[PDB]
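A short worksheet on the structure shown next.
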4 protein chains.
Amino acid sequence: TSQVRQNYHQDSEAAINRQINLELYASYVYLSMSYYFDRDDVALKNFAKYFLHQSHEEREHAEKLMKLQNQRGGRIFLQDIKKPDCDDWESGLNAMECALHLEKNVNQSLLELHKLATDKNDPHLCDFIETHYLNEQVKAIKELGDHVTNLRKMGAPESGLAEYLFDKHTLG
Amino acid sequence: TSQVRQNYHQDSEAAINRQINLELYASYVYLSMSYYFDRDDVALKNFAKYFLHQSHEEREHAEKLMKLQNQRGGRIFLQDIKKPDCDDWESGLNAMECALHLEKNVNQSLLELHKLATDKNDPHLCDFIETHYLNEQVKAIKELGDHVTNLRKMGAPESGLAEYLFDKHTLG
Amino acid sequence: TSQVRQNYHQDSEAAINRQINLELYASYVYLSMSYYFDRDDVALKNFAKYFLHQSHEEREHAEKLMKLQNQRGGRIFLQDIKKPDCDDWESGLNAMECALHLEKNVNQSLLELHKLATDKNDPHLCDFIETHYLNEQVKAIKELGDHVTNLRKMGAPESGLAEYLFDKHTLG
Amino acid sequence: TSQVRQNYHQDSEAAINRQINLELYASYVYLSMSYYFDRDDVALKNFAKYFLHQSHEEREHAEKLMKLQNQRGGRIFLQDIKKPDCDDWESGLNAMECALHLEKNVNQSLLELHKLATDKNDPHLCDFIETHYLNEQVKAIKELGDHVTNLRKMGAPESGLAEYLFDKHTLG
Ligand SMILES: [Cl-]
Ligand SMILES: [Cl-]
Ligand SMILES: [Cl-]
Ligand SMILES: [Cl-]
Ligand SMILES: [Cl-]
Ligand SMILES: [Cl-]
Ligand SMILES: [Cl-]
Ligand SMILES: [Cl-]
Ligand SMILES: [Cl-]
Ligand SMILES: [Cl-]
Ligand SMILES: [Cl-]
Ligand SMILES: [Cl-]
Ligand SMILES: [Cl-]
Ligand SMILES: [Cl-]
Ligand SMILES: [Cl-]
Ligand SMILES: [Cl-]
Ligand SMILES: [Cl-]
Ligand SMILES: [Cl-]
Ligand SMILES: [Cl-]
Ligand SMILES: [Cl-]
Ligand SMILES: [Cl-]
Ligand SMILES: [Cl-]
Ligand SMILES: [Cl-]
Ligand SMILES: [Cl-]
Ligand SMILES: [Cl-]
Ligand SMILES: [Cl-]
Ligand SMILES: [Cl-]
Ligand SMILES: [Cl-]
Ligand SMILES: [Cl-]
Ligand SMILES: [Fe+2]
Ligand SMILES: [Fe+2]
Ligand SMILES: [Fe+2]
Ligand SMILES: [Fe+2]
Ligand SMILES: [Fe+2]
Ligand SMILES: [Fe+2]
Ligand SMILES: [Fe+2]
Ligand SMILES: [Fe+2]
Ligand SMILES: [Fe+2]
Ligand SMILES: [Fe+2]
Ligand SMILES: [Fe+2]
Ligand SMILES: [Fe+2]
Ligand SMILES: [Fe+2]
Ligand SMILES: [Fe+2]
Ligand SMILES: [Fe+2]
Ligand SMILES: [Fe+2]
Ligand SMILES: [Mg+2]
Ligand SMILES: [Mg+2]
Ligand SMILES: [Mg+2]
Ligand SMILES: [Mg+2]
Ligand SMILES: [Mg+2]
Ligand SMILES: [Mg+2]
Ligand SMILES: [Mg+2]
Ligand SMILES: [Mg+2]
Ligand SMILES: [Mg+2]
Ligand SMILES: [Mg+2]
Ligand SMILES: [Mg+2]
Ligand SMILES: [Mg+2]
Ligand SMILES: [Mg+2]
Ligand SMILES: [Mg+2]
């Protein structure tokens, strides 16, 4: 047993390892989306920048969970990072919709993690999740919803003008 | 009788109390409009900011009338602030139209207040209304008319692109 | 269903709407108290300033709950803001006592809201209440208790000198 | 006839001369009050400073009316400035009460002047009175009422401590 370990259930330790993988997966999805918008036949530079920033943020989310694992005396176990579901993301609107779906999936995992921490009476872990993750997810989901709404109202994905102007005025 | 009271008719005192309620009502209407534009399925952040600013301005209008009541030796009597007529404001254009209607209603009340102050030979109160309220209303009504005109010319409310671009270029 | 909504119970949504009304009510109570102290026959300018600041803070409390409702995909429903229980607040001491009672009532509502969020396993909402509301209420209640104690010890409300000096030295 | 005179009734001209005398009288009253508080057996230096400032303000009020008379093509006619009603002002409270009475008398004269300007259809003169005089009087009367209230609540004039502390904390 780690000399630092206290009130940290083996199930919580395992769940933190699963969450690390999921954050790394999210980072990879956003990386793929970013460079789709950098293609010469897509060419929306602010969509590209927005998703690259999201990719780097997800890596930070993963790193903070790795730090947490060690803080509590658990042991990090890494798994393959699966490639994203798509190679071609179709449009700005479709990428935003996929990002919304992704962030809601990550949120669901965090809520399950919090339920586990609650069941194991781990208030430090509950506070960690609430402080660093739960409101971040609510904000991310709200922002993506807002973006999807605007793109739809403007006439995307059929209107290339809509996506062009959104790229300039919202993401620029 | 208040030691400060001079040339201040009981009818004017009552009318000032009614105007206080109306300004607080206007503040509440604009508060409701603001957060409508903050909904994830509406998502026009500059419409939201514009109406929130208007809400706070209306509170200032109410506070200055409360100060006036006390300056003249009248006594403030508050009433319930009625909820706004709508929960859902439909569109940027419709909210602007409702705001125009509201500001013209507030103006009519101020004009009736001025008629009363004139009838009671209260030049201090006439000057107060003219200085702090009447031109403010004319400017507010002109601005809202201008906004409604632009939104109509651009193709709102049917064009979500129109409202999006107005949000960016006029309210941004 | 709102595209952003996740783990947000209809009961929690309704309770947030009730809390919005209560914060707006508190704002109105403090507004009334403020201008009582601005009367020529009361004339305690720092009591007036203190309560006006509290009024504006309560509006901020309401606005943050409106933002929360939209962040979570709920829908804001507004109700009349009831007038305060009193027109005449009697004295500095009595206003402070009424403010103490008000803040404890608001705290009780927030605690009931937290119980509901707990029962519905909504850790985001629990954290929101704890972070932005619960310690604010504890601090507000402690400050008002301190004020009431000092006013009583000094000889209020019978001593107009006590209230005068408290206005200068504590609220100034 | 003065080459500048236009829409300026002889009655208005005469009334402006009477108002000039009244403002000079008010200046003299405040001068007398000021030095009462400078007596070694009274010795309230901030009461003295407050009333001296009021004395100089009243002279400014007179000078602006003299300027107005010439602006409109009327001719200034000066009369004796009567000495104040009292030599001994008794107390801080009594001086404040006499100042309140004085400012209400000056206000009544200004209201009569405005009635005359209205009857003679002189909108320039009406605006002059409203802009430079009427709200100044309302503010002055409110301030003096506030002062009287505080002094009474504190226990003046019998409490020399009350007047001492008011001198320090309100007028200091
Ligand atoms: Cl352990
Ligand atoms: Cl274990
Ligand atoms: Cl895994
Ligand atoms: Cl693996
Ligand atoms: Cl726990
Ligand atoms: Cl947000
Ligand atoms: Cl937030
Ligand atoms: Cl454009
Ligand atoms: Cl009156
Ligand atoms: Cl009357
Ligand atoms: Cl009313
Ligand atoms: Cl009512
Ligand atoms: Cl009049
Ligand atoms: Cl204008
Ligand atoms: Cl203008
Ligand atoms: Cl839900
Ligand atoms: Cl539900
Ligand atoms: Cl309610
Ligand atoms: Cl209602
Ligand atoms: Cl929970
Ligand atoms: Cl505290
Ligand atoms: Cl604290
Ligand atoms: Cl003439
Ligand atoms: Cl004439
Ligand atoms: Cl004379
Ligand atoms: Cl003479
Ligand atoms: Cl006229
Ligand atoms: Cl004032
Ligand atoms: Cl003023
Ligand atoms: Fe993210
Ligand atoms: Fe960031
Ligand atoms: Fe993440
Ligand atoms: Fe994320
Ligand atoms: Fe306005
Ligand atoms: Fe403004
Ligand atoms: Fe207004
Ligand atoms: Fe308005
Ligand atoms: Fe408060
Ligand atoms: Fe504050
Ligand atoms: Fe509050
Ligand atoms: Fe509060
Ligand atoms: Fe004066
Ligand atoms: Fe001055
Ligand atoms: Fe004067
Ligand atoms: Fe004066
Ligand atoms: Mg996984
Ligand atoms: Mg595979
Ligand atoms: Mg937080
Ligand atoms: Mg009304
Ligand atoms: Mg109703
Ligand atoms: Mg004017
Ligand atoms: Mg003006
Ligand atoms: Mg309620
Ligand atoms: Mg009622
Ligand atoms: Mg905290
Ligand atoms: Mg005279
Ligand atoms: Mg004589
Ligand atoms: Mg006029
Ligand atoms: Mg003015």
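Name the residues in region A:121-154 that are farther than 30 Å from residue A:11 by Cβ, among the charged types (D, E, K, R) and without any contact (Cβ under 8 Å) to a residue 12 or more places away in the chain, would you? Within region A:121-154, A:142, A:143, A:146, A:153 qualify.
Considering region D:37-68, the residues that are of a type outside the set (A, V, I, L, M, F, W, C) and under 16 Å from residue D:171 (Cα atoms) include one that is farthest from ligand 31 (Cβ to nearest atom), namely D:38. Scanning region C:80-111 for residues that are closer than 30 Å to residue B:41 by Cα and touching a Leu at 6+ places or on another chain (Cβ under 9 Å), we see that the one that is nearest to ligand 14 (Cβ to nearest atom) is C:81. Pairing each residue of region D:155-172 that is closer than 8 Å to residue D:46 by Cβ with any residue that is small (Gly, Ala, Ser), provided the two are 6+ apart or on different chains, yields C-beta distances under 8 Å for D:167/D:92. Screening residue C:124 on (1) within 14 Å of chain D (Cβ to nearest Cβ); (2) buried (at least 17 other Cβ atoms within 10 Å of the Cβ) shows it passes everything except condition (1).
The single condition among (1) among the polar types (S, T, N, Q); (2) at the interface with another protein chain (Cβ under 10 Å from one of its Cβ atoms); (3) farther than 25 Å from residue D:16 by Cα that residue D:135 does not satisfy is (3).
Filtering region B:62-93 to residues that are surrounded by fewer than 21 Cβ atoms within 10 Å (Cβ to Cβ), more than 9 Å from chain C (Cβ to nearest Cβ) and within 17 Å of the chain's Cα centre (by Cα) leaves B:64, B:85, B:86. Does residue A:118 meet the test of being at the interface with another protein chain (Cβ under 9 Å from one of its Cβ atoms) and buried (at least 19 other Cβ atoms within 10 Å of the Cβ)? Considered against the rule, which asks whether it is at the interface with another protein chain (Cβ under 9 Å from one of its Cβ atoms) and buried (at least 19 other Cβ atoms within 10 Å of the Cβ), residue A:118 comes out as no. Every test in (1) under 20 Å from the mean Cα position of the chain (by Cα); (2) not in a loop (DSSP other than H, G, I, E, B) is passed by residue D:11 save one, and that test is (1). Please work out if residue D:39 is more than 21 Å from residue D:17 (Cβ to Cβ) and more than 16 Å from ligand 30 (Cβ to nearest atom). Spelling it out, residue D:39 is indeed more than 21 Å from residue D:17 (Cβ to Cβ) and more than 16 Å from ligand 30 (Cβ to nearest atom).
For region B:28-47, give me each residue that is surrounded by fewer than 22 Cβ atoms within 10 Å (Cβ to Cβ), part of a helix (DSSP H, G or I) and either more than 13 Å from the chain's Cα centre (by Cα) or within 16 Å of ligand 51 (Cβ to nearest atom) (or both). Residues satisfying the conditions are B:45, B:46.
When restricted to residues that are surrounded by 14 or more Cβ atoms within 10 Å (Cβ to Cβ) and either among the polar types (S, T, N, Q) or under 14 Å from the mean Cα position of the chain (by Cα) (or both), region B:133-155 contains 9.
Note: ideal-geometry Cβ built from the backbone for every residue, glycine included; neighbour counts use all protein chains shown. Bear in mind that the values in this text are calculations on the coordinates, not laboratory data.
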